[PDB]
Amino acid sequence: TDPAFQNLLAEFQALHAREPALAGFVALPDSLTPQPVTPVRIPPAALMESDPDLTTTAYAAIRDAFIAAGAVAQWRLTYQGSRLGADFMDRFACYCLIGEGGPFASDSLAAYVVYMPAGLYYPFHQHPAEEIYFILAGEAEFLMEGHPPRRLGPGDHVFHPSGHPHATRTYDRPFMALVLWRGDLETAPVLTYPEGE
């Protein structure tokens, strides 16, 4: 429906295809049932739209498209009643494209955008889905329990085994990423340390 979302999908489908780490993770079913989205705006959206420093190589289209459908997105508010403050809540940017709260439905995958501004810590978090982080724009640090950290640029990617604690920290750069889920799509991410860290 909303042509913002229309263009987005199409930018999704084509990158998926061009990118082995995506196409290797999940097959695109081709073949997604449309569903209405109730818009929710949050300040992070503003942030994403505004950020002058979401730099790329090969991934401007999708990026722009992510931005464009931002106006119509269901912005999420995961971590709501946690230990995380508005500091977090008003900076951490996420919406659904494929799945719950997104314009398209699927039993096989979900797809998302993550934005984070500079000077932010995304604390250690976890979920049942298997995960891929494909970076579109800027750069950030990726954290994963028991592995050395990785600085992630564009077209870089990280795999998250099930339940595996992972974190992100931005320094002076922002980033945007495509995030794909497979497996248990229904269980929302939770903080690994709801009281600490």
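When you see a residue number, it is the position in the sequence shown, counting from 1.
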May I ask you to compare 126-134 and 36-44 by their mean CA B factor in the entry and name the higher one?
36-44
Comparing 113-121 with 77-85, which stretch shows the greater average C-alpha B-factor in the deposited entry?
77-85
Taking the Cα B-factors listed in the entry, which of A21, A17, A177, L180 comes out highest?
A17
For the C-alpha B-factor as written in the entry, point me to the maximum among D53, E141, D30, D156.
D30
How does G101 rank on Cα B-factor within its chain, lowest, middle or highest third?
middle
CA B-factor ranking of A69, expressed as a third of its chain:
middle
Please place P165 in the lowest, middle or highest third of its chain by C-alpha B factor as given in the entry.
lowest
